[PDB]
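Single-structure report; data block below.
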Number of protein chains: 2
Amino acid sequence: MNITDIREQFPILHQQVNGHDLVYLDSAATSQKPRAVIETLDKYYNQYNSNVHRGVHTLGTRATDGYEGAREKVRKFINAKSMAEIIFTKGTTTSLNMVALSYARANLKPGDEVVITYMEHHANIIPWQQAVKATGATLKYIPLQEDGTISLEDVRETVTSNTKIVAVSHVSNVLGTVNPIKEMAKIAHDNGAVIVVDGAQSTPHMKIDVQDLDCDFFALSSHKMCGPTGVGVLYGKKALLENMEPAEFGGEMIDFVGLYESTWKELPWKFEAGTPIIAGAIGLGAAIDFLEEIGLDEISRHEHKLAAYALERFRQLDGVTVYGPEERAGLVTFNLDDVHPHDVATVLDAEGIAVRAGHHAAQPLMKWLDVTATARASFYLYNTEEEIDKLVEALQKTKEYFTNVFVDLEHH
Amino acid sequence: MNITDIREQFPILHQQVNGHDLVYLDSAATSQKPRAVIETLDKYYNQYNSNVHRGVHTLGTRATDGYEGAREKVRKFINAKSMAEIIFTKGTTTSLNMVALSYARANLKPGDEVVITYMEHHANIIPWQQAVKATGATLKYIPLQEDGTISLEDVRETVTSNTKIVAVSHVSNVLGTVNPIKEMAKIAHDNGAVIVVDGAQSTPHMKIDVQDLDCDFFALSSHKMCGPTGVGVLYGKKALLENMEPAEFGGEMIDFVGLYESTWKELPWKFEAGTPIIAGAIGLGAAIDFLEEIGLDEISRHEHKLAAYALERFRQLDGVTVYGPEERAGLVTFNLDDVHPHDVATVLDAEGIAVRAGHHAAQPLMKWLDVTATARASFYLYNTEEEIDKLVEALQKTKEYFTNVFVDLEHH
C-alpha cells in the first residue's frame with residue numbers, strides 16, 4: 001500500500017484551509033472520495049443515465065446493468081449468498097429503521113426483549129425505542145467493561161429466552177471498540193433471537209464476511225467507505241427478508257396492483273420502492289472496486305498502524321484523556337483536561353486540521369463516560385503518521401495557549 | 001429559449017445508439033442532466049465534502065451551507081413560506097409514504113375515507129391501500145371522464161364529510177392530464193380533508209406555487225427535473241408537519257436521547273434521520289438554478305408547442321390510438337393498432353429512439369383504458385420538433401414493417 005499514490009487519487013486532500021495544508025481527520029463522520037468514484041458518477045450522467053428495469057432501450061439497459069451489477073459487487077464484497085439478500089437503501093440509518101419497522105414491529109409482543117448496548121449510535125437506539133413502545137416489548141442494555149468493551153459473560157446475562165432481537169455495533173464510532181459479533185450472534189441464536197449488526201464503521205475499514213459472522217441483518221453506509229452520499233445497504237438472511245413485509249410501498253416493488261390490494265415483487269426489489277438511487281449505487285460499486293484493489297486487509301493493517309501510533313503519541317501529552325480500549329479501529333476520542341472539546345476543534349481548524357467535537361450521536365455513551373462532549377480524530381486509508389504528528393503538536397499548543405490565556409486573566 | 005444552446009449543455013444527448021443519433025423521448029421515466037448539475041456534484045466531492053450540521057471545521061461549514069442553501073432554493077422554487085416545510089427525501093415515492101405513515105396512519109379511523117383517482121401512479125396508490133388497511137378506513141376512487149380528465153362534479157360527489165385525505169396527481173405520467181388541483185384543494189378543505197399532491201410530473205415542467213394551490217402536502221423527485229437520482233422533496237404545511245411524528249428515527253433528527261425515551265429536533269430536521277443526501281440535494285439546488293435561469297414559463301410554453309405538434313402528427317398516422325385529452329403536458333401515450341407496444345419500443349430503439357412500453361406504474365389506469373400495455377414518448381426542454389418527426393416517421397415504418405411481416409407469413 002503506497003500512501004502517496006493513494007492520496008494522489010483524492011483531489012479534495014490537496015488544498016489549504018486558513019493558510020495551512022488541510023489535515024482531514026474526520027473520516028468517521030464521512031470519508032473523502034477518489035477520482036475512480038467521482039468519475040464513475042460523471043460517466044453515468046454524461047453517458048448512460050436512464051430509468052432501470054425496463055430495458056426496452058439501449059441506455060435503459062446500460063443503466064439497469066450498472067445498477068444490478070453494483071448489487072452483485074456488494075454481495076461479493078460482504079460475502080452474502082445471494083443478491084436477494086442485498087437491499088439498496090439511503091444509508092445505515094434507513095436500513096436499521098427498515099428492520100425495526102418490518103421485522104421488530106411484526107414480531108414483538110409484551111414480554112419480548114430487544115437487547116442493545118450502551119455504546120450504540122442513535123441510529124441503532126431510537127428505532128428500537130420506538131419499536132418496543134409500539135409493541136409493549138422491553139428494551140435492555142448490555143453493560144460495558146471499564147475500558148469500553150463488552151464481555152461475552154455480560155451478553156449471556158442480558159440476553160434471555162425472552163430476547164427476540166440483539167442489535168449491536170460492529171465497531172464503535174466513539175470508543176473504536178471492535179465488538180465480538182460472531183460470538184454474540186451465537187449467543188443470540190442460542191436464545192432464540194436474531195442479531196442486527198450496525199456495520200457503518202466496520203465496513204469501510206475491514207473485511208466483512210456475513211457468512212462467517214452469521215449475522216441475521218447487517219447495515220452499512222456508502223458515504224463512510226469512499227462512496228457517494230445518500231446510499232447504503234441492508235443485508236438480511238434471505239429466509240428472514242422473505243417473511244418480512246415491505247417498509248415502503250409504490251412502483252417498482254409491486255407485481256400486481258388492483259384498486260384495493262397489491263402483490264409484491266420477489267427480493268430484493270420487494271424492498272426498493274420507487275425509482276432507485278441509481279447513480280449512487282453504481283458509485284458505491286466503484287468504491288468497492290477501489291477498496292478491493294488496495295485490499296481491505298492492507299487498509300486494516302494501515303489503520304491499526306495509525307491507531308497504535310496515535311495512542312502512543314496521545315500518551316505523550318499531559319492532561320489528555322483517551323476513551324476506550326487499546327485494541328481498536330482507526331479513531332481516538334479524547335478530551336483536553338482544561339479545554340472544552342468545541343474550543344479544541346475550533347483551534348485545530350485554524351491550523352488546517354479537521355476533527356469533530358460533540359456527542360457523536362451517542363448520548364447514552366457520553367453519560368456512561370460521565371462527560372457532556374468529546375473531540376474525535378479519525379483516520380482512513382489516505383491519512384499518515386505525519387498528519388498524526390500535526391494533530392498532537394496542535395493539541396500541545398492548544399494546551400499551552402489556553403494555559404497562557406488563563407494565566408493572563410489570572411494576573412488581570 | 002434557444003434549443004440548440006440548451007442541448008449543448010447535456011453531454012449525454014450527443015451520441016449514437018445502433019448507428020443512429022440518439023433521440024431520447026423518455027424524460028417522463030427520468031430526465032437527463034446539464035453540465036451545471038454534474039459539475040456541481042463534481043465540485044462538491046472534489047472540494048468541500050464533509051458531514052453537515054456540526055460546523056466546527058471549514059469543509060463541514062461549507063457542506064452545511066451548501067445543503068441548507070439548497071433547501072432555501074427549493075423553498076423559493078415552489079413558493080413555500082418556510083424552510084421548515086421543506087423536507088429532503090429519497091424521492092416522490094418516499095415523500096408520499098411518509099405522509100401515509102406519519103399523517104394517514106395517525107389520523108384514520110373506521111368510517112374515514114381516503115379518496116384517490118383512477119389515473120394515479122402506484123406511488124400514490126399503494127401507500128394509501130396500506131394505510132387504510134392498517135386503520136380500517138375506506139379507499140375511494142374519483143371516476144374519470146372519457147377523455148381522461150377529472151370533473152369537479154365527480155370530485156364533489158366522491159369526497160364527503162367522512163373524507164380525511166384526497167391524494168391526486170398534479171400531472172398524469174400517462175394521459176398528460178393536468179389536474180385542477182387548486183379547485184380540488186378547495187373541495188377537500190370544504191369537507192374537512194387535507195389534499196396530498198403528487199407533483200413528480202408537474203414540478204419539472206411548470207411553475208409550482210404551493211400558496212396558490214393551497215395543497216397540504218406536495219411531493220416531487222429530483223431525477224425528473226434535471227437533478228441527481230436518489231433525492232426528492234416532501235413539502236407540507238408547517239402546522240401539519242409540526243403535529244406529525246417522524247417516519248424514521250436516528251441521529252440528526254433527535255434533540256435529547258435517554259435510554260428509553262428521546263425528544264425530536266424542530267422542523268425540518270425532525271424528518272431527516274441519519275447523514276443526509278448531501279451531494280444530491282446540492283445538485284438538485286443546481287438543477288433549480290438551471291431551470292430558473294431558462295424560465296419555467298418558457299419551458300412550459302416549449303412543452304406545449306411540442307405536445308401540440310406531436311398530437312397533430314400522431315393524428316396523421318393511421319391505426320394509432322392516443323390516450324388522454326387534447327390539453328396536456330409534454331407526453332403522448334399510444335398504441336399501434338396491430339403491434340404490441342414492447343415491439344414498437346424495440347424497433348424504435350434500433351432507430352436510436354428511446355421511448356417506454358408497459359403499464360407506466362398505472363395498472364388501474366391501464367384497466368380503465370381497457371389495454372394491457374401502451375408505449376409512451378415524453379418530451380422535455382432539450383427535445384425538438386425534428387425529434388418528433390423522427391418518431392412519427394419510425395412509427396409509420398414500424399406499421400409498414402409489421403404489415404409486411406404479416407403479409408409474408410400470410411403468403412407462406
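Each value in this text was obtained by applying a stated rule to the coordinates, not by laboratory testing. Cβ: placed from backbone, ideal geometry, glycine included. Neighbour counts: every protein chain shown.
Quick rundown of the values:
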{"item": "Cβ-Cβ under 7 Å pairs, at least 6 apart or on other chains, the stretch A:349-367 side over 12 Å from B:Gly251 (Cβ atoms) and at the interface with another protein chain (Cβ under 9 Å from one of its Cβ atoms), far side acidic (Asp, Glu) and not in a helix (DSSP H, G or I)", "result": "A:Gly352/A:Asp21; A:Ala354/A:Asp26; A:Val355/A:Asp26; A:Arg356/A:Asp26"}
{"item": "Test for A:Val159: is it within 12 Å of chain B (Cβ to nearest Cβ) and under 26 Å from the mean Cα position of the chain (by Cα)", "result": "no"}
{"item": "Enumeration of residues in the stretch A:126-162 that are aliphatic (A, V, I, L, M), crowded, with 20+ Cβ neighbours inside 10 Å and within 13 Å of B:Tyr260 (Cα to Cα)", "result": "A:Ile126, A:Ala131, A:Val132, A:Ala137"}
{"item": "Out of B:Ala123, B:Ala104, sole residue that is farther than 19 Å from B:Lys224 by Cβ, crowded, with 23+ Cβ neighbours inside 10 Å, within 14 Å of chain A (Cβ to nearest Cβ) and touching a helix residue (DSSP H, G or I) at 6+ places or on another chain (Cβ under 6 Å)", "result": "B:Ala104"}
{"item": "Output for the stretch B:103-159, where each listed residue is basic (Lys, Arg) and closer than 22 Å to B:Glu327 by Cβ", "result": "B:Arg156"}
{"item": "Selection from the stretch A:288-301 of residues that are more than 17 Å from A:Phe10 (Cα to Cα) and either touching a helix residue (DSSP H, G or I) at 6+ places or on another chain (Cβ under 8 Å) or acidic (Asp, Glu) (or both)", "result": "A:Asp297, A:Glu298"}
{"item": "Unique match (being at the interface with chain B (Cβ under 10 Å from one of its Cβ atoms) and either among the β-branched types (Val, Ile, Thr) or touching a helix residue (DSSP H, G or I) at 6+ places or on another chain (Cβ under 9 Å) (or both)) among A:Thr346, A:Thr333", "result": "A:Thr346"}
{"item": "Conditions (1) of a type in the set (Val, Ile, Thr); (2) more than 10 Å from chain B (Cβ to nearest Cβ); (3) in contact with a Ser or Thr (Cβ under 8 Å, 6 or more places away or on another chain); (4) within 30 Å of A:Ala137 (Cα to Cα): number failed by A:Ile86", "result": "(3)"}
{"item": "Number of positions in the stretch A:298-331 that are β-branched (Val, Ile, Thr) and without any contact (Cβ under 8 Å) to a residue 24 or more places away in the chain", "result": "2"}
{"item": "Residue list for the stretch B:243-269, filter: free of Cβ contacts under 8 Å to residues at least 40 places away in the same chain, farther than 21 Å from A:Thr94 by Cβ and of a type in the set (D, E, K, R)", "result": "B:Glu261"}
{"item": "Options B:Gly295, B:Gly285, B:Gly352; residue that is in contact with a strand residue (DSSP E or B) (Cβ under 7 Å, 6 or more places away or on another chain) and small (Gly, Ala, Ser)", "result": "B:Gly352"}
{"item": "Extreme residue, surrounded by the most Cβ atoms within 10 Å (Cβ to Cβ), among residues of the stretch A:51-71 that are away from chain B (no Cβ under 14 Å) and touching a residue at least 40 places away in the same chain (Cβ under 8 Å)", "result": "A:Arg71"}
{"item": "Residue match in the stretch B:31-50 (condition: hydrophobic (A, V, I, L, M, F, W, C), more than 10 Å from chain A (Cβ to nearest Cβ) and surrounded by 20 or more Cβ atoms within 10 Å (Cβ to Cβ))", "result": "no"}
{"item": "Subset of the stretch B:69-85 (residues that are of a type outside the set (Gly, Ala, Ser) and within 23 Å of A:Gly232 (Cα to Cα))", "result": "B:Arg71"}
{"item": "So A:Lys238, is it farther than 18 Å from A:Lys164 by Cβ, of a type in the set (D, E, K, R) and away from every other protein chain (no Cβ under 14 Å)", "result": "yes"}
